[PDB]
Amino acid sequence: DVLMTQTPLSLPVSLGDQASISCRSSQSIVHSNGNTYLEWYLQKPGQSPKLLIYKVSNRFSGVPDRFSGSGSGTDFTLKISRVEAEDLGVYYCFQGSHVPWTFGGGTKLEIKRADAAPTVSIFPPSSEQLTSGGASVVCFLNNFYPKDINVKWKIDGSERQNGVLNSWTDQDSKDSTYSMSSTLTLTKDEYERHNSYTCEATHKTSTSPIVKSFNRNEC
Amino acid sequence: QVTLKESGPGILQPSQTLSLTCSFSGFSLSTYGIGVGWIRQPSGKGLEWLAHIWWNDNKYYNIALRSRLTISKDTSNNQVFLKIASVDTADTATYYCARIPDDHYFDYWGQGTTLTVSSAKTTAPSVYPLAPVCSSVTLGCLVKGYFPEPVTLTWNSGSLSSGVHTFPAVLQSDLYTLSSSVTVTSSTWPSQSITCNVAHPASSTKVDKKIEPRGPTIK
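Residue numbers (the numbering used here), protein chains in the order written: chain A, 39 to 257; chain B, 16 to 234.
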């Protein structure tokens, strides 16, 4: 039960940039046989993880000269010096020294770009859905940077916490931005009472929030 | 050569017994030091080691689950079987089997079978079109209440690809939900029909949803 701690959770790096992932265990990971068993796996989206560095420093099959592993006892570090397209994904430091064998939380190597503000798009519940009995209110926050965002739902001004379901896309292959959907699910009876529906969004691009709203009157 | 393929039930009811087979080629478990292990990855989260067996039949299990876990090899036909007893929604993950090349760690992982533990019954998706409230235009498509995963969504039968944002599925209640935004020039839509196509292989349900502009309706 060794606690593996990675730093950072998300790594924003440009291409050709020097990148360094930090791993730190709760205890000494030197196995009885003298060998330290620190491994580095790279899992690309929609794939099984693949080994890079084994035994703190040794490179695996087809792992380039660019990847280098270091550290001892507690603090360990992986260095990727000239970041390429193939080199992006989720990295995990693993230990084979003590049973139970444990993996790290994971570090996501992502590409940094210029700051971009989201495009909020509020969608009232469809005619097709209201006839059936439900009333989901969709909100899309599209193409923004950095990944960290926050959405507040305000029904008639009053904030709602419970009944919200959010999903986030990966980084864009083309424009390198993130997108987020936020669905406030409601019963028709609840929806048929209130009027103003607001999907208030906050992002570092601007000090004041990005309000997007509709009224149940017209639609 | 080195290949690891894992066979699973893929989908089963709570409290049933999960039984999976890691079939392999390119190496034998009859060879020295060689070992095969099991790791599970829950739906977009970090990895977790379950158990493993060595060439000499020494079995190591996660102290966390232990009692439910039973691992056994079959040296003659290059197969390893992991069996977890009385499973629950907490065991909805992707299960990978990986080879241990002497030293304490994994080197070659397999494709990894995906298991889903749920009481839910097979349900076709309800496609809801999202037209904007009563230049560029943002349209949506809400696929709701389907089982099991996965669903495949396209716009204009794959013709429309630019500015498309399919979001990952969120477990609504006993069933999944997902959305996909599409952004087009104000001259493309309404003028030219935008149709959201959904396909649910499990329920053999292929649906086309023409997203028309939001019309008025008073009760």
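We put the beta carbon where it would ideally sit given N, CA and C, even for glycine.
query, result
"Under three-state DSSP, which class holds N171(B)?", "helix"
"With a threshold of 8 angstroms, are at least 3 pairs of Cβ atoms found where one atom belongs to the segment 243–255 of chain A and the other to the segment 68–80 of chain B?", "no"
"So, at 6 angstroms on beta carbons, what are the nonlocal neighbours of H69(A) in its own chain, with the 5 sequence-adjacent residues on each side left out?", "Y75, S135"
"Quick check on the burial criterion: 16 or more other C-beta atoms within 10 angstroms. Buried or exposed for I67(A)?", "buried"
"Which residues, in chain order, does the segment 192–203 of chain B contribute to contact with chain A at a C-beta distance below 8 angstroms?", "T192, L193, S194, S196, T198"
"Take the Cβ of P144(B) as the centre, count every other Cβ of all protein chains shown within 10 Å, and call the residue buried at 16 or more, exposed below.", "buried"
"Residues bridged to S151(B) by DSSP?", "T200(B)"
"Helix, strand or coil: how does DSSP classify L65(B) here?", "strand"
"Give the straight-line distance between the Cα atoms of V197(B) and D106(B), rounded to the nearest whole angstrom.", "34 angstroms"
"Within 9 angstroms of any Cβ in chain B, is that where the Cβ of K185(A) sits?", "no"
"So, for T104(B): in the same chain, excluding its five sequence neighbours on each side, which residues have a beta-carbon less than 6 angstroms away from its beta-carbon?", "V132"
"Should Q16(B) be flagged as near chain A, meaning a C-beta pair shorter than 9 angstroms?", "no"
"On the DSSP bridge assignment, give the partners of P50(A) in chain order.", "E148(A)"
"Comparing alpha-carbon positions, which option in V213(B), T90(B), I99(B), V185(B) lies nearest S30(B)?", "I99(B)"
"Please say whether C237(A) and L224(A) have beta carbons closer to each other than 9 angstroms?", "no"
"Measuring alpha carbon to alpha carbon, tell me which of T36(B), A79(B), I115(B) ends up nearest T46(B).", "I115(B)"
"Using 9 angstroms as the limit for Cβ to Cβ distance, is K192(A) near chain B?", "no"
"So, helix, strand or coil for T90(B), using DSSP?", "helix"
"Is the shortest distance between the beta-carbon of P162(A) and the beta-carbons of chain B less than 9 angstroms?", "yes"
"In terms of residues, what are the limits of the alpha helix (DSSP H) holding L168(A)?", "165–170"
"If you measure from the beta carbon of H215(B) to each beta carbon in chain A, is any gap under 9 angstroms?", "no"
"Please state whether the Cβ-Cβ distance between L65(B) and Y110(B) is less than 9 angstroms.", "yes"
"Cβ closer than 7 angstroms: which chain A residues qualify as neighbours of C37(B)?", "By Cβ distance, chain A contributes nothing, its closest Cβ being about 12 angstroms from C37(B), past 7 angstroms."
"Would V213(B) and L168(B) be called neighbours here (beta carbons separated by less than 9 angstroms)?", "yes"
"So which residues on chain B does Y92(A) lean against when the C-beta distance must stay under 8 angstroms?", "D118, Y120, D122"
"Indicate the three-state DSSP secondary structure (helix, strand or coil) for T207(A) in the structure shown.", "coil"
"Since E228(A) is in the alpha helix (DSSP H), which residue starts that stretch and which ends it?", "226–229"
"Leaving aside the five residues before and after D55(A) along the sequence, list all residues of the same chain whose C-beta is less than 7 angstroms from its C-beta, in chain order.", "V121"
"Cα-Cα, which of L49(A), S251(A), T169(A) is closest to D194(A)?", "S251(A)"
"Is the segment 103–119 of chain A close to the segment 148–162 of chain A, with three or more CB pairs under 8 angstroms?", "no"
"Please return the same chain residues whose Cβ sits closer than 6 angstroms to the Cβ of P57(B), not counting the five positions on each side in sequence.", "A108"
"Check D223(B) in the structure and name its three-state DSSP category.", "strand"
"Compile a chain-ordered list of the residues in the segment 124–138 of chain A whose CB is closer than 8 angstroms to at least one CB of chain B.", "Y130, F132, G134, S135, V137, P138"
"Can you list the residues of chain A that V185(B) reaches, using a CB-CB cut of under 7 angstroms?", "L203, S205"
"Compare the C-alpha of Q44(A) against each of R104(A), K146(A), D125(A) and name the closest.", "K146(A)"
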